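For the record, the sequence lines run as chains A and B.
Per the deposited numbering, residue -3 is the first one in the first sequence, and the count goes up by one each step.
Per the deposited numbering, residue -3 is the first one in the second sequence, and the count goes up by one each step.
Idealized CB from N, CA, C, for every residue including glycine.
Okay, so here's the structure we're looking at.
Number of protein chains: 2
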Amino acid sequence: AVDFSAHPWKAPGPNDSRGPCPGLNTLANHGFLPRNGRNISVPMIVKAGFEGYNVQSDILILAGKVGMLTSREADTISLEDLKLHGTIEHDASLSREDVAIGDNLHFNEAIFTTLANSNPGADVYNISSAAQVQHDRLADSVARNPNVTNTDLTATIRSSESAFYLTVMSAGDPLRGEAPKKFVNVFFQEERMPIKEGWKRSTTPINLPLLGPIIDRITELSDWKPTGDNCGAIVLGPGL
Amino acid sequence: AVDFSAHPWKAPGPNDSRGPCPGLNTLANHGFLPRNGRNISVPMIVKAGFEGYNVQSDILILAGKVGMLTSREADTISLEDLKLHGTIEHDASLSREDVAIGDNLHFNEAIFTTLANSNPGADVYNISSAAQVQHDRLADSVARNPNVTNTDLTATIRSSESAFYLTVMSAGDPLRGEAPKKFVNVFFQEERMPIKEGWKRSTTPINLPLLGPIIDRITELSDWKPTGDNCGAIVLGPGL
Ligand code: HEM
Ligand code: HEM
Ligand SMILES: *[C@@H]1O[C@H](CO)[C@@H](O)[C@H](O)[C@H]1NC(C)=O
Ligand SMILES: *[C@@H]1O[C@H](CO)[C@@H](O)[C@H](O)[C@H]1NC(C)=O
Ligand SMILES: *[C@@H]1O[C@H](CO)[C@@H](O)[C@H](O)[C@H]1NC(C)=O
Ligand SMILES: *[C@@H]1O[C@H](CO)[C@@H](O)[C@H](O)[C@H]1NC(C)=O
Ligand SMILES: *[C@@H]1O[C@H](CO)[C@@H](O)[C@H](O)[C@H]1NC(C)=O
Ligand SMILES: *[C@@H]1O[C@H](CO)[C@@H](O)[C@H](O)[C@H]1NC(C)=O
Ligand SMILES: CCCCCCCCCCCCCC
Ligand SMILES: CCCCCCCCCCCCCC
Ligand SMILES: [Mg+2]
Ligand SMILES: [Mg+2]
């Protein structure tokens, strides 16, 4: 049985590995993944994402094995390894800076302002607000980053990530594609499960069939267009 | 200290998974990897390649983790999974057909004829013969396959594979970049270590520093040019 009371939030120490992903960082901060953020396998991620968020193995195996490429080890990563630019890590993040013009690893409040201020007049973020934020964040990178990369692949990953915050931090059925701002804000700003605030793990499995139409709708509403190269080539390992 | 008498060749049975790679197939056929070809992890590949061939973890971790993408499992593959087109598997193979116009999985004697007939008048294959074979195999694909994919990435993989047969099946120092035809022919045709024929595991470690200049020289001598977009994008998982 999973006992959330047995999984308290603790702030990471200075030598606990944390990465650019709030999903995995939050799992580590609650001990669903190792609190040190090290020696993490795809099986560990699969189990952690299921226990913490009811996210299913389909998306976690797919994403997990791509993430494994970022380390030099046979079958594990440190969470910090995931910052490797151009494997999964991309420009026009929701809460991090572009690597060419800043820190692509740590939560940045100034970047996060765009998301925080989205969906004015409501107490939830939803698909249309998520799309607007993606549009605005990409425009910011195009304006300010002379090395900006924007491809079909980065755009899809970005929509996947928005679909994650909308589903995993939902109050009701994750199908609805909306999440309380108070929950999503805690998730990004503190990398904590907002238990005190009333959040509970989804009782509905979050899998590719559920996420797919949400992802596609976020993309559609974001008014995304190709801007240049558009080759969806990933970096296959570190130090190439 | 490896005892190859403890690792006899046995023909694969009808339920044994085999893939497009003679290196891994041969390891399975000698029980360095599971003879059934199933539930193979990157650690297993690292250990197997070391024990069988003296191939080091640098190349096997890098290649292994890319290979893991081809399955639906968290941290293992079946050898047959590696046939997934556009992850590692490519057009203009040495011993398989292009997927668009034939069987990209099984050894094909007619394809192998080009390699078998290379370096006429010597009893070895070497860097210049390997380069000629790559040139000729690519020309064949460009002639006969309207869907040919030929990129910096596929060209590098192809030269890596040639460097592998030249080094792993060598008689003396793998550094020399030459291997007896009688050894290489058995390797491809029977997916067997040619022990009876006089082959022994290299006493020199085969790693990226050793392979790199061989790879680069094969490419240089092959009179290579890209096709089309030259997009080095890999397929990130099955059933996309
Ligand atoms: C399934 C539960 C997970 C959730 C809820 C989740 C959530 C998120 C969110 C919301 C972001 C966007 C952060 C931003 O734009 O500032 C993100 C980024 C990221 N995630 Fe995850 N994630 C999960 C699993 C994974 C897995 C399994 C990996 C393994 C590769 C991963 C790797 C990353 C990376 C590398 C980024 C940085 C992308 C970027 O913004 O540049 N995530 N994740
Ligand atoms: C252990 C030492 C290795 C050797 C000596 C070796 C040798 C070879 C050779 C010679 C080929 C070319 C076959 C051809 O063109 O017909 C090949 C193809 C291939 N190898 Fe390996 N290999 C090794 C390790 C690996 C590993 C670790 C992976 C992935 C886990 C891998 C995946 C492949 C794939 C997918 C192909 C097919 C590429 C193609 O021809 O389309 N190999 N290998
Ligand atoms: C990582 O985890 C594996 C599996 O539990 C263990 O055998 C190994 O000793 C660990 N390595 C480190 C760095 O602690
Ligand atoms: C998101 O919320 C806003 C404000 O409540 C609303 O106007 C908009 O239609 C919503 N979008 C979706 C897709 O539910
Ligand atoms: C980034 O862009 C600048 C300005 O065009 C250029 O000088 C530099 O070489 C680029 N760097 C990369 C990472 O390609
Ligand atoms: C082993 O491989 C089979 C398919 O051949 C798969 O169903 C099974 O889950 C695998 N198990 C693991 C996790 O190694
Ligand atoms: C090959 O290319 C043609 C033309 O671009 C395309 O219609 C077809 O679907 C492709 N695939 C195969 C394997 O024939
Ligand atoms: C390969 O062998 C042939 C025939 O012996 C020889 O002409 C050629 O120079 C050799 N090339 C290399 C790279 O040693
Ligand atoms: C954090 C999300 C990572 C997801 C990686 C792969 C999913 C994206 C779309 C599917 C693969 C890309 C080719 C269509
Ligand atoms: C199976 C052999 C190679 C497949 C993956 C190679 C990874 C990308 C190549 C870049 C560096 C390796 C050789 C120079
Ligand atoms: Mg980023
Ligand atoms: Mg092939």
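In three-state terms, what does DSSP make of residue i?
i                 : result
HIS131 (chain B)  : helix
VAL164 (chain A)  : helix
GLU76 (chain A)   : helix
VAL(-2) (chain A) : coil
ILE97 (chain B)   : coil
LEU232 (chain A)  : coil
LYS43 (chain B)   : helix
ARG140 (chain B)  : helix
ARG154 (chain A)  : helix
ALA7 (chain B)    : coil
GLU186 (chain A)  : helix
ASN181 (chain A)  : helix
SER67 (chain A)   : coil
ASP148 (chain A)  : helix
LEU171 (chain B)  : helix
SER13 (chain A)   : coil
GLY48 (chain B)   : helix
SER125 (chain B)  : helix
For residue i, which residues in chain B fall below 8 Å Cβ to Cβ?
i                : result
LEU65 (chain A)  : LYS61, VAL62
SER155 (chain A) : Chain B residues near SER155 (chain A): none, gap ~15 Å exceeds 8 Å.
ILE230 (chain A) : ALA229, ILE230, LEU232
Determine the extent of the beta strand (DSSP E) in which residue i is found, giving its start and end residues.
i                : result
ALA175 (chain A) : 174 to 176
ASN122 (chain A) : 120 to 122
So who's on the other strand from residue i, going by DSSP bridges?
i               : result
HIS81 (chain B) : B:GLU85
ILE36 (chain A) : A:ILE73
Hey, could you find the ends of the alpha helix (DSSP H) residue i is sitting in?
i                     : result
residue 238 (chain B) : Shown here, chain B extends from -3 to 236; a query on residue 238 (chain B) therefore has no answer.
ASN21 (chain A)       : 18 to 25
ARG213 (chain A)      : 204 to 217
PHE108 (chain B)      : 105 to 112
Mind pulling the chain A residues with CB within less than 8 Å of residue i?
i                : result
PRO39 (chain B)  : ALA70, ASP71
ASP225 (chain B) : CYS227
Which residues in chain B sit within 7 Å of residue i, going by Cβ to Cβ distance?
i                : result
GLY233 (chain A) : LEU58
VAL42 (chain A)  : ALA70
> Can you list every residue whose CB sits closer than 7 Å to some heavy atom of ligand 6, going in chain order?
Replying inline: Qualifying residues come out as B:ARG34, B:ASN35, B:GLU69, B:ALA70, B:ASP71, B:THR72, B:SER74.
>> Residues around ligand 4, please: the ones whose beta-carbon is closer than 5 Å to some heavy atom of it, in chain order.
In response: A:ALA118, A:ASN122, A:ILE123, A:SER124
> What residues sit near ligand 5, counting only those whose C-beta is closer than 7 Å to one of its heavy atoms, in chain order?
Replying inline: A:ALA96, A:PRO142, A:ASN143
> So which residues touch the region around ligand 1, with touch meaning a C-beta under 6 Å from any heavy atom?
Replying inline: Taking each Cβ in turn, the ones that pass are A:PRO16, A:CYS17, A:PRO18, A:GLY19, A:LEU20, A:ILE41, A:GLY45, A:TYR49, A:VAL51, A:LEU56, A:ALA59, A:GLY60, A:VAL62, A:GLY63, A:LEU78, A:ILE84, A:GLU85, A:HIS86, A:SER89, A:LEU90, A:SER91, A:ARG92, A:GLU157, A:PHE160, A:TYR161, A:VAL164.
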